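Position 1 is the first residue of the sequence, and the numbers go up from there. Side chains included, hydrogens not; waters and symmetry mates left out as well; all remaining heavy atoms used.
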Amino acid sequence: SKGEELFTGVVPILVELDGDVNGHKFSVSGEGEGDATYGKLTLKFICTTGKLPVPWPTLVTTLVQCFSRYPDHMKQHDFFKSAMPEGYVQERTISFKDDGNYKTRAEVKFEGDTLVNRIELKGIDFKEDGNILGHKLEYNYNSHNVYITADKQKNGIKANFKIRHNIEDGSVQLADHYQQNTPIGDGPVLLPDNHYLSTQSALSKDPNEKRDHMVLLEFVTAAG
């Protein structure tokens, strides 16, 4: 409830990611704005090391659920905002069906009036001619639901969901997400009942940008 105060207006966002997928090292820098009142996020990401070795859609979920719009009757279930300003550690295991997996660790917290997302990504067991390393995924994104449950042992939450990436041949590449969030500070946090986050995402390009990039528009609303 205390952390909610920090999200009453438009909050600047900074994202920094260091990744390694099958030995291919890369870095991504992201900048944008978040408006939790409407569950709206606008972000621009740039691959600072050159060309991204994985498709941009596979990084969308890794690259700030604290900007989710929680309805008034559900505000007591908002773990994400309650952990602020100290923040939370967000860990994920993203299993790509019939392919490799991403293991991510992120520190999400406030640095002044700016919300920061520092991430380390490690990807292993990917097929060289698979949908990921072979860049066979379409530059678009489907709508999904993030199923959340309380993790009272770690004073945090756990989340499970499936992302459906469209392949160029018209098929689907499943990306199973297992999530764990744990608070950084020793302050009080809200431990929720079972609910979900209804998400909708739109991917686009900046016409004047020549570097490998991604413009992300995300709309997230809590329900259930």
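The only member of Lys81, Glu218, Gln179 that meets side-chain hydrogen bond (donor to acceptor under 3.5 Å, both in side chains) when paired with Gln65 is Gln179.
For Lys205 (side chain) and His213 (main-chain N/O), a donor-acceptor pair under 3.5 Å exists by modelled atom type. Side-chain N or O atoms of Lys127 include one that pairs as donor or acceptor with a backbone N or O of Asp98 at under 3.5 Å. A donor-acceptor distance shorter than 3.5 angstrom exists from the side chain of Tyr139 to the backbone of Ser204, with no hydrogens or angles considered. Judged purely by atom type and a 3.5 angstrom limit, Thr114 has no side-chain atom pairing as donor or acceptor with the backbone of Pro12. In terms of modelled atom types and a separation under 3.5 Å, the side chain of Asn181 and the main chain of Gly156 share no donor-acceptor contact. The main-chain N or O of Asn140 is never found under 3.5 Å from a side-chain atom of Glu138 such that the two would form a donor-acceptor pair. Remark: side-chain polar atoms of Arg92 are paired, donor with acceptor, to backbone N or O of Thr61 under 3.5 angstrom. In this structure, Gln173 contributes its side chain and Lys97 its backbone to a donor-acceptor pair below 3.5 Å. Checked by atom type and distance alone, the side chain of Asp18 never pairs as donor or acceptor with a backbone atom of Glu120 at under 3.5 Å. Of the possible polar contacts, none joining the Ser27 side chain to the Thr49 backbone as a donor-acceptor pair under 3.5 Å is found.
In terms of hydrophobic clustering, with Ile, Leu, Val, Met, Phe, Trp and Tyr side chains grouped at heavy-atom distances under 4.5 Å, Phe79 and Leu6 are assigned to a common cluster. Under the 4.5 Å side-chain contact rule for hydrophobic residues, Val220 and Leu203 share a cluster. Cluster annotation: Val21 and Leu17 are assigned to the same hydrophobic cluster (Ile/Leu/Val/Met/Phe/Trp/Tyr, side-chain heavy-atom contacts under 4.5 Å, transitive). Under the 4.5 Å side-chain heavy-atom criterion for ILVMFWY residues, no single connected hydrophobic cluster contains both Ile13 and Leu217. With hydrophobic clusters built from ILVMFWY side chains whose heavy atoms lie under 4.5 angstrom apart, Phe161 shares a cluster with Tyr141.
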Between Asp212 and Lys51, is a salt bridge (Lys or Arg N to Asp or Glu O under 4.0 Å) present by the stated rule, with each step listed? CA-CA 6 Å; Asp212 205 352; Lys51 212 173 184 176; over 6 Å; no
Criterion salt bridge (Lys or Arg N to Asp or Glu O under 4.0 Å) on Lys44 and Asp206, from CA distance to verdict: CA-CA 9 Å; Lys44 186 188 175 182; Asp206 179 339; 3.1 Å; yes
Determine whether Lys162 and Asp176 satisfy the following criterion, salt bridge (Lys or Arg N to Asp or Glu O under 4.0 Å), listing intermediate values before the conclusion. CA-CA 5 Å; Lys162 304 173 184 295; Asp176 287 279; 2.8 Å; yes
Could you please spell out the steps behind the salt bridge (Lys or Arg N to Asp or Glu O under 4.0 Å) verdict for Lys109 and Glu107? CA-CA 6 Å; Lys109 60 184 170 178; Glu107 282 181 38; 3.8 Å; yes
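Side-chain rings of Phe7 and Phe80 stay apart, their centers remaining 6.0 Å or farther from each other. The six-membered or imidazole ring of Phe219 lies away from that of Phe67, with a centre-to-centre distance of 6.0 Å or more.
Checking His195 against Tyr70 by side-chain atom types alone, a donor-acceptor pair falls below 3.5 Å. In this model, no donor atom of one side chain and acceptor atom of the other lie less than 3.5 Å apart for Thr58 and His165. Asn101 and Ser95 form no side-chain donor-acceptor contact under 3.5 Å, judged by distance and modelled atom types alone.
Nearest heavy-atom pair, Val189 versus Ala83, reported as atom, atom and distance to 0.1 Å: CG1-CA, 4.1 Å.
Here CG of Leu137 is found 8.5 Å from CG of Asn166. Values are rounded to the nearest 0.5 Å.
Relative orientation of the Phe96 and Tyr102 rings is perpendicular, given thresholds of 30° and 60° on the angle between their planes.
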